[PDB]
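All Cβ positions, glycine included, derive from the backbone under ideal geometry; neighbour counts span all protein chains shown. What follows is calculated from the coordinates using simple rules that are stated; it is not laboratory data.
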Amino acid sequence: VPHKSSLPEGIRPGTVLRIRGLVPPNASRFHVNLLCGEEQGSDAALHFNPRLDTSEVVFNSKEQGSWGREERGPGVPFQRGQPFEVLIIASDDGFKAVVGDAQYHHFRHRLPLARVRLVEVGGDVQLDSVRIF
Ligand SMILES: CC(=O)N[C@@H]1[C@@H](O[C@@H]2O[C@H](CO)[C@H](O)[C@H](O)[C@H]2O)[C@H](O)[C@@H](CO)O[C@H]1O
């Protein structure tokens, strides 16, 4: 099961996305997206993309079909066959990514928070819960 849900209340500084899930034993990669529209080709304010196949975690945004400049977090705090907890925290200047007990990365806004409309979680991931606070 992939997660996809609209955000009718929008997201402001202090919005927290909590993702609890599991990386499958033969997983390659999964993703967390904050989209600015409802259909697949919409702009992405955030594309959070742990890649176990290439051993990296890529951050990026997407506008008018074009991926912006990639960012990467320090190491890979995900492991095949192991559960995880990710917090995506919105502030005025960006998104704070929290993995496990550690501040993992800070992704500064490319698109204004007011444009975020949808959260999507999918790929090689099994989900326990996806919550917006
Ligand atoms: C168009 C393309 O293949 N781009 C390459 C990157 O792969 C894409 O990365 C974006 C995020 O930036 C998405 O994760 C998308 O699903 C990927 O296909 C790739 O990460 C980089 C590595 O240097 O090369 C791009 O050319």
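Key figures
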{"item": "Residue count for the range 28-73, restricted to those that are near the ligand (Cβ under 10 Å from one of its atoms) and in a loop (DSSP other than H, G, I, E, B)", "result": "4"}
{"item": "Output for the range 75-103, where each listed residue is in contact (Cβ under 8 Å) with a residue 40 or more places away in the chain and part of a strand (DSSP E or B)", "result": "83, 84, 85, 86, 87, 88, 89, 90, 95, 97"}
{"item": "Close pairs (9 angstrom Cβ cut-off, 6 or more residues apart or separate chains): within 17 Å of residue 100 (Cβ to Cβ) in the range 16-29, among the aromatic types (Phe, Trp, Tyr) and surrounded by fewer than 15 Cβ atoms within 10 Å (Cβ to Cβ) anywhere", "result": "16/133; 17/133; 18/133"}
{"item": "Pairs with Cβ under 6 Å, 6+ apart, first in the range 119-133 and in contact (Cβ under 8 Å) with a residue 40 or more places away in the chain, second loosely packed, with under 12 Cβ neighbours inside 10 Å and part of a strand (DSSP E or B)", "result": "119/5"}
{"item": "Answer from 24, 50 - the residue that is more than 16 Å from the chain's Cα centre (by Cα) and within 14 Å of residue 124 (Cβ to Cβ)", "result": "24"}
{"item": "Every pair of residues 6+ apart whose Cβ atoms lie under 7 Å, when the first sits in the range 37-51 and is acidic (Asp, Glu) while the second is within 10 Å of the ligand (Cβ to nearest atom) and not in a loop (DSSP other than H, G, I, E, B)", "result": "43/62"}
